[PDB]
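**Q** coordinates only, no sequence provided:
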């Protein structure tokens, strides 16, 4: 048969210069899922038996040195850091070898066949360092790749016949111009590294399908019906309420669904706040649901403390207050003890003049509930945050590449990724301490993008801060779960 | 190999006492999709050849009478009602037989092997009546079942190996476009941007062009599949009266002036396709598209801060004289005019418009209203193909819950009422149709059918080649809920003249 | 040995006209307690291995119609309503058959032998409706009986002798 | 014959450090135009059948690292950016290999022979980046050239003869 006479690609792993001798680089249990074709045949069979052959190909060069060791471990032996692989019957893999080196994994079992449901006890293959990699020329190259291919052995067979992963979340449409961020609902057109770090809870799901925010994966109008509205022909109507009182929201009670999580910016008199979340709406009467036809205006929202007399920006939801104020004079003011609020969920940015500013929100402006994990740089990897263009009140005509500058809005995750995360559970597809890596194919280069357990995305930009343009993207290919301590490739 | 020695279940068909001699009951084309195991092996190969055996099992009794005929038809012969099956080499199946009857279908082909994507010319198996079934004892039993089992022949083989994830030529099919999350509460319609909560059949028929793509990668509208700002710079804005205080701003411009819109010049991107509802004075318009916004200066981009109000948008004609609703894009005027008093009026010959795309419906009071828009309110460009009922199948619109101005707190189930919107397609389906091309997936006159499984019962949903969705509701016009939906299973192409299944 | 050359009665079940296609009528796991004679000898042995042959007799008549399907399920597969018995290698039993239809149940096992106390993983035999029973004449009859018989295979044997009064 | 026992130059393509893994660097359809001598004899014949052998020479050096993968695609399968070349039966070409690497492309066809006018369905050969190229020394050198040579297989032959002045 043709499907058992040639080798086929199975997996690829990275060998670094910083790996001390005795470290394990690659491990795999005996199973039919290690071959593209037997993994397809396993649907129509209930058991299997026999060995498998592996072949390693080193994509090194003629100037490197160092060796690996590969051995097969019988069942019933614990695998851990203190494993003397150099004592088991093994083979030596050189860093600068040309011809591929093969090891054969016999099927050591106590039973007669392995059912596809519960395999039982099976051997294991381990690749560990024999002598660490060296590079006499120094430089910026410090890692090489190794590829693994498999082929069923002569005695492999299937016995009884029966009736017949987070890789799909990120696809080319998500980043080519169709997907949108989760904070401003705009086309994603860039990636913005954040060396300092940040944190986010609103509309940000992890891989356990649980979020610490107060919003749902959609953009819908904000509705709150118990608040204080007062004003001091043209006046600035002001609305505020106590945080942690929105009982009508089933997901969480800190704030109404869709409330922006930016710190409120104080402003009074003839002035325009800078870097503020602006939405269109007004006040309505809670008695009968009728809207007050004079307070339709461009209101600005946020989080603040000491609202009635001494407003002050804040970054914690514990004992805070929510503020909604109009940026321009309203037609007629209203003083009601109990009132409702209604504003569109897709915001814009406020700016006193027509010149653009830096991207928003800056890392210090995010308001998060207590108990949220933080995204901090690890190794050479840097967290990034997706940037999109957003209209500004200073100039509405400027949309992209205008001579007056460009305003970029930023979000933690693309919307489809968040929707997928909140729809299902991926806790079993990744263990802590490692990333899930995608590869991006540019017009004249490439780079890798990695997702952690908490839901943040990481890139190997290091101590840089320049925005990365996405107008040259072609397609995205999944790579697989890789350790979080390895530098991601950045070739641009 | 064990998988090629035993028979396995393929299909079942019914034989009725009302079938006249010469009728055809069951036809299948030679293909590896006729066996449970070759249908799986074909995923990892590129060609096949050889014959296949068929075994027929009759679930009858010893009291009935009658016979069938089975024959294999060579390639190149037209199949139809007037086919002399009994003159081809054939076998006879008895209605009261015990042992299964087996017929072998050899591989008659002009080539050497069949590529899996495109089989080419292949033979066909036809079942017909030889003598009509009879029931001497009478009674309520007037039909019997027949089951078909298949087994590969001794010469069957696959020839060429390929990657399991590879795709053959013309292998595209929109099976994955519609999926359970889309109609469970994640997807939204392409008119009101609210989650889908109902289906509203339209016996009258309708047409839609804005934000609506067919299965050929083209649309006749002016909006891209996305909600964003509605932007336009060249337009006239003026208000009546002398003292500008709590006055109504009105903005109008000639259609076909959206030069900066690349997809089309008919209207600014994202403009609704709703006919204008003229009104003046204190009167509040009924069933209109209302979006927040204002007016911005065309000289520097700064906005006139005093013009911010809840505006209403629509198509009309004769704007200066008197608004007149129209449903024709050619020779019309795009006009937006505020419904509430603005802080201070503005009089410019040239002025801009900036309105959000997430709109609401204006009502005079807290009373609810029928689903909007009505089929006579859609503004559509010339040349837009229409949707009309075919047989018992009727087009549908997707129903979502949408905010209304009269009561902006009534969401669902409220005693005040419940307002419903209507959309031609779910948004994910629109995006999927926009990205790719599905022209080589259906012949003109076929419906790709999805089967929806509710909590108690199931129905089927069909999709035409123009993007319209059809269902066989007959003459009913009631909304149907989806809070009971569980899963959706694809079915495949079907003739458009077959009535859809509505098992409720 | 005469005790392994003839079929003997095991159990009987009812097939009714109200059973739709796909419902399961009779299931049994591989065990020595499916034969009246093997159950006695199981007292003096500690393990067993081998197959068993099943024979089905239908107490029908010439006026009924309908068919059942019988198949053997390999170990490790869940048994329940969502099982396609019709896609496993099977045989067909007709409602008016005269000569009994026999299916052989091989011993699919991962171990050498099954201990008498805890057998471990064993195959299962399943009957299901393949076409629902019908009665053209109607009347007062709505169901028929089906009788099951077993016989040890040629390879069935007991492995190790143990004290008759011992406890597992 | 001398024209079917030696390799002759056909084409050349460039492999650079900016090529991501999975990128396709060279595609060619099976035709007699891929060899200098089958092209000239193609005038006086009407149809052909048989395979063709390809040989790749890498003009690299012992300092570079990286590998290419070549495979033959059956007819009727779409070629595009999302093609898993590494799952087809393939050969690997090294960036610092010295001896040339040869892969034989068989004539996979559904018909008897390929007419010279309309060849119909034919196989395709694809080179893809299997591990990206790396230069430890750095500097300006960022690409190497690969030369491709062809030779008719043993079963290559022309079937029907026609006047050289005819048009298809």
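**A** Looks like it arrived, so ask away. Numbers count the residues shown, from 1 in each chain, chains lettered A, B, ... in the order given.

**Q** just list the residues touching the residue of chain A most remote from its centre, thanks.
**A** Centroid-distance maximum for chain A: residue A:233 at 48.6 Å, with C-alpha atoms, centre = their mean. Residue A:233 makes contact with A:329, A:331-332, B:343, according to C-beta atoms under 8 Å, 6 or more residues apart in numbering or on different chains. Heads up, the C-betas are built off the backbone N, CA and C, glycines and all.

**Q** grab the nearest non-local neighbour of the closest residue to chain B within the stretch 1-150 of chain A.
**A** Going by C-beta to the nearest C-beta, chain B is nearest to residue A:2 of the stretch 1-150 of chain A, at 4.8 Å. Leaving out its chain neighbours, the residue that sits closest to residue A:2 by C-beta to C-beta, 6 or more residues apart in numbering or on different chains is residue B:161, at 4.8 Å.

**Q** mind listing the residues bridging to the one you found?
**A** For residue B:161, the beta-bridge partners are residue B:45 (DSSP bridges).

**Q** if we can go back for a sec, pull the most distant pair out of the contacts of residue A:233.
**A** A:329 and A:332 (10.3 Å; C-beta to C-beta).

**Q** quick one: distance of stretch A:354-361 to the chain centre.
**A** 25 Å (C-alpha atoms, centre = their mean, to the nearest Å).

**Q** an error on my part: the question was meant for stretch A:344-363.
**A** Here stretch A:344-363 is found 24 Å from its chain centre; the criterion is C-alpha atoms, centre = their mean.

**Q** tell me who's in contact with the residue of the stretch 101-250 of chain A found nearest chain C.
**A** Among the residues of the stretch 101-250 of chain A, residue A:163 lies closest to chain C, at 3.5 Å counting by C-beta to the nearest C-beta. Listed by C-beta under 8 Å, 6+ apart, the contact partners of residue A:163 are B:36, C:84, C:87-88.

**Q** and with 10 Å instead?
**A** By C-beta atoms under 10 Å, 6 or more residues apart in numbering or on different chains, the contact list for residue A:163 reads A:43-44, B:8-9, B:36-37, C:71, C:73, C:77, C:83-88.

**Q** do residue A:275 as well
**A** A:262-263, A:265, A:349-351, A:357-362, A:365, A:392, A:407.

**Q** what of residue A:278?
**A** Counted by C-beta under 10 Å, 6+ apart, residue A:278 has contacts A:260, A:272, A:298-301, A:326-327, A:343-344, A:347-351, A:391-393.

**Q** go on, residue A:85?
**A** Contact analysis of residue A:85 by C-beta under 10 Å, 6+ apart lists A:22, A:24, A:68-71, A:73, A:79, A:126-130.

**Q** redo the residues you listed as TSV? Include neighbour count.
**A** TSV is the format used below for the contacts of residue A:85 (neighbours: other C-beta atoms under 10 Å in any protein chain shown):
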residue	neighbour count
A:22	16
A:24	15
A:68	24
A:69	20
A:70	23
A:71	19
A:73	19
A:79	13
A:126	19
A:127	24
A:128	21
A:129	20
A:130	19
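
**Q** show me how to select, in ChimeraX, the buried members of the contacts of residue A:275.
**A** Buried residues among these (16 or more other C-beta atoms under 10 Å in any protein chain shown), as a ChimeraX selection:
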select /A:262,263,265,349,350,351,357,359,360,361,362,365,392,407
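
**Q** closest one of the contacts of residue A:275 to chain B?
**A** For the contacts of residue A:275, the residue nearest chain B by C-beta to the nearest C-beta is residue A:392; the value is 9.2 Å.

**Q** wait, the closest one touches residue A:407, no?
**A** Yes - Residue A:392 lies in contact with residue A:407 (C-beta atoms under 10 Å); the separation is 4.8 Å.

**Q** okay, and the common contacts of those two?
**A** A:275, A:348-349, A:351, A:355-357, A:360, A:398.

**Q** check contacts around the residue of the stretch 201-350 of chain A found nearest chain D.
**A** Residue nearest to chain D within the stretch 201-350 of chain A: residue A:207 (25.8 Å; C-beta to the nearest C-beta). Residues near residue A:207 by C-beta under 10 Å, 6+ apart: A:166, A:421, A:424-430, A:436, A:451-455.

**Q** again with residue A:335
**A** A:228-231, A:237.

**Q** quick one, which of these are buried?
**A** Buried among these by 16+ other C-beta under 10 Å: A:228-229, A:237.

**Q** so which of those would you say is closest to chain B?
**A** Among the buried ones among the contacts of residue A:335, and counting by C-beta to the nearest C-beta, the member closest to chain B is residue A:237, at 12.1 Å.

**Q** gap between whichever residue of the stretch 301-450 of chain A sits closest to chain C and chain B?
**A** Residue nearest to chain C within the stretch 301-450 of chain A: residue A:428 (20.1 Å; C-beta to the nearest C-beta). According to C-beta to the nearest C-beta, to the nearest Å, residue A:428 and chain B sit 20 Å apart.

**Q** how many other residues sit next to that residue?
**A** Using other C-beta atoms under 10 Å in any protein chain shown, residue A:428 has 8 neighbouring residues.

**Q** do residue A:38 as well
**A** Per other C-beta under 10 Å, the neighbour tally for residue A:38 reads 22.

**Q** how about the contacts made by it?
**A** By C-beta under 10 Å, 6+ apart, the contact set of residue A:38 is A:3-4, A:8, A:31-32, A:45, A:48, A:52, A:150-152, A:156, A:158.

**Q** over to residue A:65?
**A** Residue A:65 neighbours (C-beta under 10 Å, 6+ apart): A:94-96, A:131-136.

**Q** among those, the buried ones, what's the PyMOL command?
**A** Buried members of these can be picked out in PyMOL with the line below, counting by 16+ other C-beta under 10 Å:
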select buried, chain A and resi 94+95+96+132+133+135
